[PDB]
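See below for the structure under consideration.
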Amino acid sequence: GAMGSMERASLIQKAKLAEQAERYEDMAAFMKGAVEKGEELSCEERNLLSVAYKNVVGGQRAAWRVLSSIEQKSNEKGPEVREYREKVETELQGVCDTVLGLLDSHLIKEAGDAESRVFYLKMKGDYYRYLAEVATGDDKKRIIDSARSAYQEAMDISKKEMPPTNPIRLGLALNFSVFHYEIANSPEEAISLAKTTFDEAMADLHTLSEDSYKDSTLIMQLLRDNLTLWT
Amino acid sequence: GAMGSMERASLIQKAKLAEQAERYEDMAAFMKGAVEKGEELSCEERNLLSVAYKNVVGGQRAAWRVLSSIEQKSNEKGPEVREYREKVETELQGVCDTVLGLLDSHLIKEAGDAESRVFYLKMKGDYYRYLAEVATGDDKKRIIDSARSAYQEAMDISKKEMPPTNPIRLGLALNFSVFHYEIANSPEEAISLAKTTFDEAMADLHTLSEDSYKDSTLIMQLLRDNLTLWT
Amino acid sequence: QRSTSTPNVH
Amino acid sequence: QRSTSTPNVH
Ligand SMILES: *CC(=O)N1CC[C@@]2(CCN(S(=O)(=O)c3ccc(Br)c(F)c3)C2)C1
Ligand SMILES: *CC(=O)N1CC[C@@]2(CCN(S(=O)(=O)c3ccc(Br)c(F)c3)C2)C1
Ligand SMILES: [Cl-]
Ligand SMILES: [Cl-]
Ligand SMILES: [Mg+2]
Ligand SMILES: [Mg+2]
Ligand SMILES: [Mg+2]
Ligand SMILES: [Mg+2]
Ligand SMILES: [Mg+2]
Ligand SMILES: [Mg+2]
């Protein structure tokens, strides 16, 4: 709402300036305003949206992890650590709720190219996964199944529509395997997904694209890093 | 006001947790709430106040400098760069206004030990200096003289009350010399102040304190770095 | 050591 | 290159 008076092109421009200035909360607000104009986002613009919110929630996750570790050490004696961890947690959930709301209200569509559909469903899986990192009760079951369903729909599309070196397909599989290992407690599924993804990218390495091959080969290396850590 | 229901000790505790979590905006809010309890701040607690607000305004200054450079390059063609630079500038001024308000309303007193009086007057000089970095009109003259007067009062006290290796005295002189060089356009004053400060610390090096000598020797090296850059 | 997910780029 | 002011510590 705060962004409603600004032209879409100016919001994009300002998101790029905020990225340059390392003002990621501003850049997420600008991109939210751009999304709310109701037009599709290009691949460049999806990157801006992704970078902004990942930076914001990344700092919140890092803070939450620090506070949670302090909280668990102090349980192994006031309310302050728990109260402040709950504070940061509530802010993190709000950002994830904002992103998931934009995905549901504006971005996830039946139409569009494969890149966009896979990317947004991957994003939905990621931000449910971030909610799952801090969930506990009846909410936690609902969230974990929501993440898996979004990842699975993204995988079905990526395998049918995308070459096995496509960086969005690779990044999705990487993130789905992290979900399996860290969230779903399924190390076998995580390992087999990451190995299958790596091997299938290597078998069809000729499908690397001139405009994205550096991204593809980075994710391939991260798949191998996880496989080394998990084995 | 947001912090008024929390006990002072809990605010201090939470400021320390926020520092650990690299949540500096939270840690500044907690320390503002502690200051507003109306009791003096210890040397430990002044450090928490200092670290929090310096991190917050430091990120704003860094962002402002990025945007200002982009703005000046585009003047050597829409309003977006200027509008966003003005946005960040207004936020920076608000943080400086908040800090200066706390100094005037709560922290700067006639009583107290030399450390506290010098430290707060140094802080006042610093946050006026940060306002001067982004000022222009009739405001800019008022701000520059306010910074100088606060630094000068802090120097008079530090020279009378503190050994020449005291880290607050050193940090004040370092920051005053930066003021002279970068704000007041007086390189001669900056160089002579930094050289006098370094030489006088070296001449009375035996006054280093067991509990702060690492801080003193760090500032001494920074004085020499500036002297090398300025000569 | 945590697993590594997709990073930010560009 | 900017002049260096007092840094944050501890
Ligand atoms: C074209 C398009 O829709 N893109 C490409 C960039 C993004 C934003 C981030 N995703 S991603 O999460 O799939 C991803 C991030 C980093 C890397 Br190295 C990667 F290969 C994929 C793609 C928008
Ligand atoms: C005891 C006391 O009042 N102190 C010591 C710490 C502070 C917070 C920062 N100041 S400072 O700006 O004078 C300063 C910062 C860093 C360094 Br290495 C230094 F020597 C001085 C002192 C509160
Ligand atoms: Cl809290
Ligand atoms: Cl703006
Ligand atoms: Mg118009
Ligand atoms: Mg006990
Ligand atoms: Mg909660
Ligand atoms: Mg009480
Ligand atoms: Mg022109
Ligand atoms: Mg202004």
Side-chain angles (χ1 to χ4, degrees), chain A residues 15 19 27-28 31 35 40-55 57-58 60 64 67-68 71 78-79 82-97 99 103 107-109 112-127 129-140 143 150-151 154-155 157-158 161-176 178 197 201 208-209 211-223 225, chain B residues 3-11 37 39, chain C residues 4-9:
Chain A
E19 185 179 27
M27 160 213 195
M31 284 318 300
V35 169
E40 296 176 317
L41 272 65
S42 68
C43 168
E44 202 177 353
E45 294 169 335
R46 296 193 290 265
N47 190 58
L48 294 171
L49 178 71
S50 182
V51 166
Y53 276 112
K54 178 146 202 22
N55 272 279
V57 79
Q60 294 169 324
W64 186 94
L67 302 172
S68 175
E71 191 181 2
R82 172 187 54 76
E83 292 171 343
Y84 185 43
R85 188 265 301 151
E86 274 161 15
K87 187 169 159 119
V88 172
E89 172 167 317
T90 294
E91 285 186 25
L92 180 155
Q93 300 176 311
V95 170
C96 294
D97 277 349
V99 165
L103 290 165
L107 297 170
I108 290 171
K109 311 291 224 43
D113 58 9
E115 301 226 300
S116 67
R117 283 182 277 115
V118 174
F119 166 79
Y120 292 126
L121 287 166
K122 174 191 171 297
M123 210 179 178
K124 182 173 170 175
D126 289 342
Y127 281 83
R129 169 159 62 88
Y130 305 148
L131 286 180
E133 288 175 346
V134 309
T136 49
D138 276 340
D139 210 14
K140 177 136 176 255
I143 291 134
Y151 281 136
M155 304 268 324
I157 295 158
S158 74
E161 316 234 5
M162 280 177 153
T165 61
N166 175 282
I168 302 177
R169 174 169 171 179
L170 292 174
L172 159 70
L174 176 69
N175 282 12
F176 200 15
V178 172
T197 303
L208 286 169
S209 169
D211 60 35
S212 59
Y213 72 90
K214 295 189 258 164
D215 288 346
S216 300
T217 55
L218 171 51
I219 304 302
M220 288 169 64
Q221 184 62 55
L222 297 183
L223 290 164
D225 295 347
Chain B
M3 275 330 147
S5 48
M6 226 182 302
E7 286 184 330
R8 189 186 189 283
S10 298
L11 291 163
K37 303 301 183 199
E39 325 277 35
Chain C
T4 305
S5 60
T6 321
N8 290 303
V9 306

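For ligands, and for the atoms within them, numbers begin at 1 and follow the listed sequence. Values reported hereafter were calculated over all heavy atoms of this structure, with side chains retained and with hydrogens, waters and symmetry mates removed. In what follows, every chain begins at residue 1, and chains take the letters A, B, ... in the order their sequences are listed.
Residue-level proximity to ligand 1 for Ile219(A) is carried by the side chain, the only part with a heavy atom below 4.0 angstrom. Contacts between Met123(A) and ligand 1, counted as non-hydrogen atom pairs separated by less than 4.0 Å, are absent for every part of the residue. If you look at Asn47(A) next to ligand 1, the close heavy atoms, those under 4.0 Å, come from the backbone and the side chain alike.
In terms of heavy atoms, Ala15(A) sits closest to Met27(A) at O-CG, 3.3 Å. Heavy-atom minimum distance, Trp64(A) versus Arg85(A): NE1-CD, 3.4 Å. Heavy-atom minimum distance, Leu208(A) versus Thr165(A): N-OG1, 3.5 Å.
Screening the protein for N, O or S atoms under 2.8 Å from the Mg ion (ligand 7) yields 1; no waters enter the count.
By the salt bridge (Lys or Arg N to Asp or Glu O under 4.0 Å) test, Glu133(A) is found to be paired with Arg61(A), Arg65(A), residues two or more places apart in sequence or in another chain being considered.
Between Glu71(A) and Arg82(A), none of the side-chain N atoms (NZ, or NE/NH1/NH2) sits under 4.0 Å from a carboxylate O, so this pair counts as no salt bridge. Taking 4.0 Å as the cut-off between side-chain N and carboxylate O, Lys87(A) and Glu91(A) do not count as a salt-bridged pair. By the 4.0 Å N-to-carboxylate-O rule, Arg117(A) lies close enough to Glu161(A) to be salt-bridged with it.
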Item to check | Derivation of the side chain to side chain contact (heavy atoms under 4.5 Å, CB included) call for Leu11(B) and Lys37(B) | outcome: CA-CA 10 Å; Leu11(B) 291 163; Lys37(B) 303 301 183 199; 3.6 Å; yes
Next on the checklist: I'd like to know whether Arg46(A) forms a side-chain hydrogen bond (donor to acceptor under 3.5 Å, both in side chains) with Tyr120(A), so could you lay out the CA-CA distance, the side-chain angles of the two residues, the decisive distance to 0.1 Å, and finally the verdict.
Outcome noted: CA-CA 9 Å; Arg46(A) 296 193 290 265; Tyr120(A) 292 126; 4.5 Å; no
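Within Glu7(B), the N, O or S atom at minimum distance from the Mg ion (ligand 8) carries the name OE2.
Numbered from 1 in the order shown, with element, the atoms of ligand 1 that lie under 4.0 Å from a heavy atom of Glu115(A) read 1 (C). Interface of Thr6(C) with ligand 1, defined as ligand atoms under 4.0 Å from a residue heavy atom, comprises 14 (C), 15 (C), 16 (C), 17 (C), 19 (C), 21 (C). The ligand atoms of ligand 1 that sit less than 4.0 angstrom from a heavy atom of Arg46(A) are 1 (C), 2 (C), 3 (O), 23 (C). Each of the following atoms of ligand 1 lies closer than 4.0 Å to a heavy atom of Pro7(C): 15 (C), 16 (C).
If you check each of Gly171(A), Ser212(A), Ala154(A), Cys43(A) against atom 5 (C) of ligand 1, the one with the closest non-hydrogen atom is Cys43(A).
Remark: the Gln93(A) side chain and the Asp97(A) side chain contain no N/O donor-acceptor pair separated by less than 3.5 Å.
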